Asks: 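This structure is in structure tokens; I'll ask about it shortly.
Throughout, protein chains are lettered first and strands after them, A, B, ... in sequence-line order, and every chain is numbered starting at 1. All values below were derived from every heavy atom in this structure, side-chain atoms included, with hydrogens, water molecules and symmetry-related copies excluded.
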Amino acid sequence: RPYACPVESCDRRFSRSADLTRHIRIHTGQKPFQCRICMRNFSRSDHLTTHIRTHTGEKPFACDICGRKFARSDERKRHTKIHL
DNA sequence: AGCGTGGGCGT
DNA sequence: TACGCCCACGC
Ligand SMILES: [Zn+2]
Ligand SMILES: [Zn+2]
Ligand SMILES: [Zn+2]
């Protein structure tokens with residue numbers, strides 16, 4: 001990790017410089033992606049993609065056991081474990 | 001449950 | 001750079 005955050009209060013370090021460039025948005029407060037629906041801003045395009053599903057009700061991820069649908073794969077993952 | 005949001009990293 | 005997921009933490 002040759003790339004450290006130059007911010008005074010922060011001690012984080014990164015392997016790839018591009019990851020620090022993304023991280024630095026936490027301190028500058030830049031949120032480049034906007035929701036056309038509710039006008040809310042987001043720091044990441046991937047998080048913007050999933051936020052919009054809270055409006056459309058789109059749920060691409062169904063549980064392998066019962067078939068209950070989820071907007072994000074991680075919610076389905078958190079759910080599947082309840083069948084154990 | 002509903003879902004924000006950072007870290008690791010692949011395309 | 002710009003984007004897209006997995007994985008995880010958090011409220
Ligand atoms: Zn920092
Ligand atoms: Zn929105
Ligand atoms: Zn299920």
Asks: Within the structure shown, what part of the strands sits under 4.0 Å from A:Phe61 by heavy-atom distance: base, sugar-phosphate, or nothing?
Replies: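 Nothing: the residue A:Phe61, judged by heavy atoms under 4.0 Å, touches no strand.
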
Asks: Send over the distance from A:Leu48 CG to C:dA2 P, rounded to a whole Å.
Replies: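 Atom CG in A:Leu48 sits about 15 Å away from atom P in C:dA2.
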
Asks: Whole angstrom is fine here: how far is it from CZ in A:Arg16 over to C1' in C:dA2?
Replies: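 Value for this atom pair: 16 Å.
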
Asks: Let me know the distance between CZ of A:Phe70 and P of C:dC5, rounded to the nearest Å.
Replies: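 My rounded result for the distance is 19 Å.
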
Asks: At under 4.0 Å, does any side-chain N or O of A:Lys77 touch on OP1 or OP2 of C:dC7?
Replies: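 True: A:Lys77 side-chain N/O within range (under 4.0 Å) of C:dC7 OP1/OP2.
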
Asks: Indicate whether OP1 or OP2 belonging to C:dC5 is found under 4.0 Å from a side-chain N or O atom of A:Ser73.
Replies: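 Looking at the OP1 and OP2 atoms of C:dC5, neither is under 4.0 Å from any side-chain N or O of A:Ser73.
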
Asks: Over all heavy atoms of both residues, which pair between A:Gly67 and A:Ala62 is shortest? Give the atoms and the distance, please.
Replies: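 Minimum heavy-atom separation between A:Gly67 and A:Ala62: O-CB, 3.8 Å.
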
Asks: Return the value, rounded to whole Å, for the distance between atom CG of A:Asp19 and atom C1' of C:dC3.
Replies: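 Taking CG of A:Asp19 and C1' of C:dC3, I get 13 Å after rounding.
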
Asks: Roughly how far apart are A:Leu20 CG and A:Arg1 CZ, rounded to 0.5 Å?
Replies: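 Interatomic distance, A:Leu20 CG to A:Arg1 CZ, rounded to 0.5 Å: 11.5 Å.
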
Asks: Within the structure shown, what part of the strands sits under 4.0 Å from A:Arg25 by heavy-atom distance: base, sugar-phosphate, or nothing?
Replies: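 Here A:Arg25 touches no strand at all.
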
Asks: Find the distance A:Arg12:CZ to C:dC9:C1' and express it as a whole number of Å.
Replies: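 Going from A:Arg12 (CZ) to C:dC9 (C1'), I get 11 Å.
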
Asks: Does a distance-only test, which skips hydrogens and angles, find a donor-acceptor pair under 3.5 Å between the side chain of A:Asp46 and the base of C:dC5?
Replies: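 Such a pair exists between side chain and base.
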
Asks: Round to a whole Å and report the spacing from CD1 of A:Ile26 to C1' of C:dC9.
Replies: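 The answer, rounded to whole Å, is 13 Å.
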
Asks: Which atom pairs, donor and acceptor, lie under 3.5 Å between side-chain atoms of residues 77-84 of chain A and protein residues at least two apart or in another chain?
Replies:
residue	atom	partner	partner atom	Å
A:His79	NE2	A:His83	NE2	3.2
A:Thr80	OG1	A:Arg76	O	2.8

Asks: Does A:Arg1 reach a base, just sugar-phosphate, or nothing at all? Heavy atoms under 4.0 Å.
Replies: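 Touches sugar-phosphate only.
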
Asks: Starting at CZ of A:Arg72 and ending at P of C:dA8, how long is that distance when rounded to a whole Å?
Replies: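 That distance rounds to 13 Å.
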
Asks: Take the protein atom CZ of A:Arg22 and the nucleotide atom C1' of C:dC5, then report the distance between them rounded to whole Å.
Replies: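 It is 11 Å, rounded to the nearest whole Å.
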
Asks: Nearest 0.5 Å, what's the SG-CD1 distance between A:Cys10 and A:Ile26?
Replies: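 Reported value, rounded in 0.5 Å steps: 7.0 Å.
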
Asks: Check every strand shown and say whether A:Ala18 touches a base, only sugar-phosphate, or nothing at a heavy-atom separation below 4.0 Å.
Replies: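 Answer is base: heavy atoms of A:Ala18 come under 4.0 Å of a base.
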
Asks: Between A:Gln34 (side chain only) and A:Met39 (backbone N and O only), is there a donor and an acceptor less than 3.5 Å apart?
Replies: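 Answer holds: yes.
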
Asks: Using the side chain to side chain contact (heavy atoms under 4.5 Å, CB included) rule, pick out the option among A:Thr50, A:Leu48, A:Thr49 that qualifies with A:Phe42.
Replies: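 Only one of A:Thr50, A:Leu48, A:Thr49 forms a side chain to side chain contact (heavy atoms under 4.5 Å, CB included) with A:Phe42, namely A:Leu48.
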
Asks: Taking heavy atoms of chain A and a 4.0 Å limit, find me the 5'-most and 3'-most nucleotide of DNA chain B within that range.
Replies: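 Here the contact window of chain A covers B:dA1 to B:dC9.
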
Asks: Check every strand shown and say whether A:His51 touches a base, only sugar-phosphate, or nothing at a heavy-atom separation below 4.0 Å.
Replies: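 If one applies the 4.0 Å heavy-atom cut-off, A:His51 turns out to touch the sugar-phosphate alone, with no base involved.
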
Asks: At what distance, to the nearest 0.5 angstrom, does CG of A:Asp46 lie from CZ of A:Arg72?
Replies: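 Taking CG in A:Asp46 and CZ in A:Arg72, the distance rounds to 10.0 Å.
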
